[PDB]
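Structure at a glance
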Amino acid sequence: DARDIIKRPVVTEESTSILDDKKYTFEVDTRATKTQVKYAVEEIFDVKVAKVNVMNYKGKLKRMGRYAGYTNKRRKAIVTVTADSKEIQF
Amino acid sequence: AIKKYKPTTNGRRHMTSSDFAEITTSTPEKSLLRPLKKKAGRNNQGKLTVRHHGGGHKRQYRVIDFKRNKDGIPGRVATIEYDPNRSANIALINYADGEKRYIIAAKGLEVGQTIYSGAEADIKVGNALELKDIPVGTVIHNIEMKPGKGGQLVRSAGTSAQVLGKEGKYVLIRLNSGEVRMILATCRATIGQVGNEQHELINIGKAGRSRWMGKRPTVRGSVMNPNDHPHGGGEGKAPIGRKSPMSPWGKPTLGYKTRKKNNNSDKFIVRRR
Amino acid sequence: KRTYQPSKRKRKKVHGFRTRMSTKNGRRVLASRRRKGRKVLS
RNA sequence: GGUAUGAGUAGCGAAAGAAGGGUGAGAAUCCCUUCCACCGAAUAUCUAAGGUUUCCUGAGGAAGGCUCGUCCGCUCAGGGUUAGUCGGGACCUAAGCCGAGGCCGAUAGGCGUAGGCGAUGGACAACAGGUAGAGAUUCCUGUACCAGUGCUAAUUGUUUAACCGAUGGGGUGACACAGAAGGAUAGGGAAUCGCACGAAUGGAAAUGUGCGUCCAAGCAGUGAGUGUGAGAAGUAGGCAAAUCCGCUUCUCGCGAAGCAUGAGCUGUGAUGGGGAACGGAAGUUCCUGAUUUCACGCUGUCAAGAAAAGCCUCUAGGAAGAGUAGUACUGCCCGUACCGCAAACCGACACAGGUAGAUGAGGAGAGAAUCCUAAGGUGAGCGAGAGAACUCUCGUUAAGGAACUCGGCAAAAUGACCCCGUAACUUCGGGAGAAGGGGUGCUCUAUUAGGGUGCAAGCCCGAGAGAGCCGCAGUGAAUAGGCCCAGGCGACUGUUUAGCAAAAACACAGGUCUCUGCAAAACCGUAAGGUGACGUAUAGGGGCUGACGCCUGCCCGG
Ligand SMILES: [Mg+2]
Ligand SMILES: [Mg+2]
Ligand SMILES: [Mg+2]
Ligand SMILES: [Mg+2]
Ligand SMILES: [Mg+2]
Ligand SMILES: [Mg+2]
Ligand SMILES: [Mg+2]
Ligand SMILES: [Mg+2]
Ligand SMILES: [Mg+2]
Ligand SMILES: [Mg+2]
Ligand SMILES: [Mg+2]
Ligand SMILES: [Mg+2]
Ligand SMILES: [Mg+2]
Ligand SMILES: [Mg+2]
Ligand SMILES: [Mg+2]
Ligand SMILES: [Mg+2]
Ligand SMILES: [Mg+2]
Ligand SMILES: [Mg+2]
Ligand SMILES: [Mg+2]
Ligand SMILES: [Mg+2]
Ligand SMILES: [Mg+2]
Ligand SMILES: [Mg+2]
Ligand SMILES: [Mg+2]
Ligand SMILES: [Mg+2]
Ligand SMILES: [Mg+2]
Ligand SMILES: [Mg+2]
Ligand SMILES: [Mg+2]
Ligand SMILES: [Mg+2]
Ligand SMILES: [Mg+2]
Ligand SMILES: [Mg+2]
Ligand SMILES: [Mg+2]
Ligand SMILES: [Mg+2]
Ligand SMILES: [Mg+2]
Ligand SMILES: [Mg+2]
Ligand SMILES: [Mg+2]
Ligand SMILES: [Mg+2]
Ligand SMILES: [Mg+2]
Ligand SMILES: [Mg+2]
Ligand SMILES: [Mg+2]
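In its metadata, the entry names cryo-EM as the structure determination method and reports 2.3 Å as the resolution.

Below you can see the structure in the form of structure tokens.
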């Protein structure tokens, strides 16, 4: 399925700053290839994808009173839609 | 010939070396090279089982032909080459059929000469015949012990063996050691002394040059502690405080014969040395 | 120069899980550490 | 476990700070400014390891920080790492490891063949700008390349063989070390040109001062050079085959062509980009010149210097689709933050220690030495006074000069370059920088004399002599051997008791004895299997001795 591959959009000062450059930032499945992401985004948003850049974020160490542990590892995809494609909303 | 170095340094003072005059090329036959890794005297257990080996110069193995299988095909000596794996020089033989092999370079084997192997072969130097076909008094080398196995018995630089006689299906050979034994008559040997006979005269000249040849230093037994060697211990220098000098492993090591007493080959040894 | 000169690979090759599993005595170690209830084997 | 005592004591961990301004409840300690000082073959810039969020922003000041703290590598929130081309994997093998069957073995297991895995090596396509709180050969702009894929179009095959082509053959791949001379370019200098200024305190509109003084991969040309005798017959070999390799013969033979390679250069790339001044000028010439590159190319040496894939070619095979051109698409996974000679790594510490590699500017210089500096980095997480004893680290010292002391221990002295001069002894190499003497600055006659580059202009190196000049002193600072005579021991360079012994000890080349005929002896292992050795008596193991010279006597009774 495609909506298992795309988890949720990423809304930060950085991710919002490139919504005008037709570059949309998503949190995707940690097993998903950037090819799987390119076809997932095309199936969900009816856009034409130019390129998909992807980066693995390792979990960040957090303490909450004696109890220490790691946040979840993330896979972040930045999908650049072509100049003729429709835009994703956010 | 031997070249005596001038004593410019204390390291070169008494050092001697081959002039390598016999050597005709410096570029070995690429097709006949195999890789060769140093073992530094270590076993398949990785344990050091022979002392004093390790860390020489890197070497390639040249696949030598000790068998001499190519009967009745003329072989032209192409070059006399240096071989780092053995005291003797080697000779690249261009066979008329276009096959190239290395043989041990016999004393007086020059480029241009045409060597022959088999039953029709003449008694000229680098020729290889079965011992049944070699006259008495002849000087041979690269003697095989089992038919078809390839020469193993006199291959080192300057070594020679002499055919003494024929007893049944065996031949009396007098080996380089002066031993006389019975080699099987279907075993082939090559004609003539092995060549590079100046080799024994060489003076290594400095510690370092032994290290280049892959030899680590030998520590005498008598400067070890009692727990390391039977000659260990004693306040100051000590004599051998034993009835006999001992190997590191016990066992007498002066005049104590180590040939196995009930040995299968004994029936073939005619005179010892 | 101190005794511990770290190496990610040497650590795992000497003391790692797969190396422990590759021998009967290494499996004894894993069994022992499980029995004691260690959070970390290997 | 708690809490004393010692005690407000030792210590606060190498180092230069100052003032002004700001912030704030509060400031030696945070921020800014200016001056000052320190590193600069590093105390700078990269990169690998290792660490693993320490990175950025905002907030905080309990604890941590040897003081303080508004600050922080600390606490709390949010964020931040973008790749067909960079590094790794979807490629390759080395050591080594594993290992179907197999061999061996009370059990457990040990070994090992095919076959795998395994970089520290091999192969392999991207550059310059821009941008910025935190990434950038990754994002954006421009311009490429590699591998594919379709889609159009001709072109040529469509069963006698276009085309592909081995899991097989062959070639290449493919390698040490040292040395010397070159080409080139990085880099470094002058001038030139551009822009700005024209001056504090006596002088200078000028040989005046300051700042600048150009750019990719790719593509197309060229090109110092470096290698290399082409061609045709034949065919006991390359497990089959081969038009390929190898071998042989014959013709042509040459030093030149061709053919390989080849740093660099020119053009384009660029109407683009950058650039001294709210924005835009100049880009030239010369000298010098590599530790880079051509290139282990050449020459030489002996100690004789990976493999495999890849690439090329050969046939065995397979074959109707193949290539060429255009066009538009496709290109996965892992890493990417930050520190990285360090406060983030190894040292329990924000620890005078340790930590591989790339780059590493100028003056004087042989230099990466030295001193002072450039770019860049830093002022080191306690301070203010005081200027006692004593201790440590330093400077100087009358007269004397080893009287000190176990002992000149320590310190002093010597030190660079140039010229003269140089003993015994000797294995004829040495000893030797022996020892011992003398010199060294500046100015002028000096576009030097003469050299190097050079079509020339010019620009760089410039001696000796003479004349002068100044100081107590001219390698004016820093950095650069103390020397000699006679013995013992060990020939020598090496090695050693990590952390009280560096030696006369070990080793060593050489010597001699002895074992060992190859399934060698010897060694490891219960064995198999190994090392010895892919060696074979001129070799291998063991014992003793220890270069070299002269020698090595008598004794076989134990
Ligand atoms: Mg990535
Ligand atoms: Mg030995
Ligand atoms: Mg001792
Ligand atoms: Mg004993
Ligand atoms: Mg005594
Ligand atoms: Mg004794
Ligand atoms: Mg530790
Ligand atoms: Mg007190
Ligand atoms: Mg006190
Ligand atoms: Mg104090
Ligand atoms: Mg301090
Ligand atoms: Mg220095
Ligand atoms: Mg920070
Ligand atoms: Mg505090
Ligand atoms: Mg703060
Ligand atoms: Mg790109
Ligand atoms: Mg192997
Ligand atoms: Mg293998
Ligand atoms: Mg691999
Ligand atoms: Mg950064
Ligand atoms: Mg080779
Ligand atoms: Mg980075
Ligand atoms: Mg430190
Ligand atoms: Mg070091
Ligand atoms: Mg500066
Ligand atoms: Mg005095
Ligand atoms: Mg005086
Ligand atoms: Mg006295
Ligand atoms: Mg005296
Ligand atoms: Mg006295
Ligand atoms: Mg005395
Ligand atoms: Mg002294
Ligand atoms: Mg001086
Ligand atoms: Mg000595
Ligand atoms: Mg010690
Ligand atoms: Mg000592
Ligand atoms: Mg064996
Ligand atoms: Mg001795
Ligand atoms: Mg010896």
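**Observations regarding the overall build of chain A**
Helices and strands together make up the secondary structure of chain A, namely two helices and six strands. Going from N to C terminus, chain A has its helices and strands arranged as β-α-β-α-β-β-β-β. Principal-axis analysis of the C-alpha atoms places the extent of chain A at approximately 55 × 30 × 15 Å. Within chain A, contacts between residues separated by at least 24 positions form 60% of all contacts whose residues are at least 6 apart in sequence. Here chain A displays about 6500 Å² of accessible surface, and carbon together with sulfur accounts for 48% of that area. For chain A, the separation between the mean place of its 20 positive charges and that of its 13 negative charges on side chains is 10 Å.

**Focus on helix α3 (residues 24–36) of chain C**
Over its 13 residues, α3 of chain C extends 18 Å from the first C-alpha to the last, a length consistent with the 18 Å expected when each residue adds 1.5 Å. A positive backbone phi angle near 80° is found at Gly-37 of chain C, which sits one or two residues after α3 of chain C.

**Some details on the pairing of strand β5 (residues 75–81) of chain B**
The side chains of a regular strand alternate between the sheet's two faces. Residues and elements named next belong to chain B. Most of β5 is tucked away, with six of its seven residues classed as buried. Bridging between β5 and strand β6 (residues 90–95) involves six bridges; their strand directions are antiparallel. Residue pairing across strands places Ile-80 opposite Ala-91, the latter belonging to β6. One ladder, built from two bridges, connects β5 with strand β8 (residues 114–115); its direction is antiparallel. Opposite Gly-75, over in β8, you have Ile-115 as the bridge partner.

**What about the protein's contact with RNA strand D?**
In the vicinity of RNA strand D there are 131 residues, among which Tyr-57 of chain A together with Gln-45, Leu-153, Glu-179 and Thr-258 of chain B approach most closely. Here, RNA strand D places atoms within 4 Å of the protein, and 72% of those atoms are sugar or phosphate. A distance of 2.7 Å separates a sugar or linking oxygen of RNA strand D from a polar atom in the backbone of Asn-44 of chain B. In the model, a sugar or linking oxygen of RNA strand D is placed 2.9 Å from a nitrogen or oxygen of the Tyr-4 of chain C main chain. The leading source of residues in the surface near RNA strand D is strand β3 (residues 49–57) of chain A, at six residues. Partitioning the surface near RNA strand D into residue classes produces 40 nonpolar, 44 polar and 47 charged.

**A short note on the environment of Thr-114 of chain B**
Residues and elements named next belong to chain B. Topologically, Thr-114 is positioned in strand β8. Classification of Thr-114 as partly exposed rests on a relative accessible area of 36%. Here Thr-114 is in contact with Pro-74, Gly-75, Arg-76, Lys-124 and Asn-127, once residues within four sequence places are set aside.

**Details of the packing of aromatic side chains**
The final tally for this structure, using the stated rule, is five aromatic pairs over all chains. One aromatic cluster in this structure is built from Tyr-24, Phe-26, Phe-45 and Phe-90 of chain A. One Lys or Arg, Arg-74 of chain A, reaches over the ring of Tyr-57 of chain A and ends 4.6 Å from the middle of that ring. Just above the ring of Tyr-5 of chain B sits the side chain of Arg-12 of chain B; from NZ or CZ to the centre is 3.8 Å.

**Description of the pattern of salt bridges**
Residue and element names in this part refer to chain B. Applying the stated criterion across every chain yields a total of 15 salt bridges over all chains. As a salt-bridge pair, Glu-179 and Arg-272 come within 2.9 Å of each other at their nearest N and O atoms. In this pair, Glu-179 is assigned in the loop between β12 (170–174) and β13 (180–184) and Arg-272 in the segment after β17 (269–271), connecting sequence segments 93 residues apart. Its relative accessible area of 10% is what places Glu-179 among the buried residues. In this structure, the salt-bridge partner of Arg-259 is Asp-266, at a minimum N-O distance of 3.0 Å. Exposure remark for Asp-266: the relative accessible area of 32% places this residue in the partly exposed category.

**Digging into unusual backbone geometry**
The phi dihedral of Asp-46 of chain A falls on the positive side, at around 55°, and the residue is not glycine. In this structure, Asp-46 of chain A sits in the loop between α2 (34–45) and β3. Despite not being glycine, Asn-142 of chain B has its phi angle at roughly 50°, a positive value. Topologically, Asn-142 of chain B is positioned in the loop between β10 (139–141) and β11 (161–167).

**Notes on the sheet that holds strand β1 (residues 6–9) of chain A**
Residue and element names in this part refer to chain A. Within the open sheet, the four strands sit side by side as β1-β2-β6-β3. Their pairing is antiparallel. Edge strands, defined here as strands with exactly one partner in the open sheet, are β1 and β3. For this sheet the average axis-to-axis angle between neighbouring strands, irrespective of direction, equals 30°. Here strand β2 (residues 23–28) runs beside strand β6 (residues 74–81); their pairing, made up of six bridges, is antiparallel. Its bridge partner lying in β6, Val-28 is registered against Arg-75. Across the face of the sheet, α2 comes into contact with β1, β2, β3 and β6 while running at roughly 125° to β3.

What counts and how
- Residues numbered from 1 in each chain as written, not as in the entry; some residues may be left out.
- Chains lettered and ligands numbered in written order.
- Part of a larger assembly, values for the part shown.
- Heavy atoms only, no water.
- Helix = DSSP H or I, 4+ residues; strand = E, 2+ residues; numbered from the N terminus.
- Contact = heavy atoms within 4.5 Å.
- Areas by Shrake-Rupley, 256 points an atom, 1.4 Å probe, with all protein chains shown as cover.
- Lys, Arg positive; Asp, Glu negative; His and termini not counted.
- Charge placed at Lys NZ, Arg CZ, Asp CG, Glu CD.
- Expected span 1.5 Å × (residues − 1).
- Buried < 20%, exposed > 50% of the residue type's maximum accessible area, 1.4 Å probe, protein only.
- Pairing = 2+ DSSP bridges.
- Near = heavy atom within 4 Å.
- Polar contact = N/O pair within 3.5 Å; in protein donor to acceptor, adjacent residues only side chain to side chain.
- Nonpolar A, V, L, I, M, F, W, Y, C, P; charged D, E, K, R; others polar.
- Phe/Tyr/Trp six-rings, centres within 6.5 Å; stacked < 30°, edge-to-face > 60°.
- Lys NZ or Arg CZ within 6 Å of the ring centre and 35° of its normal.
- Salt bridge = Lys/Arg side-chain N within 4 Å of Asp/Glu carboxyl O.
- Axes fitted to C-alpha atoms, helices over the stretch in contact; angles between N-to-C directions.

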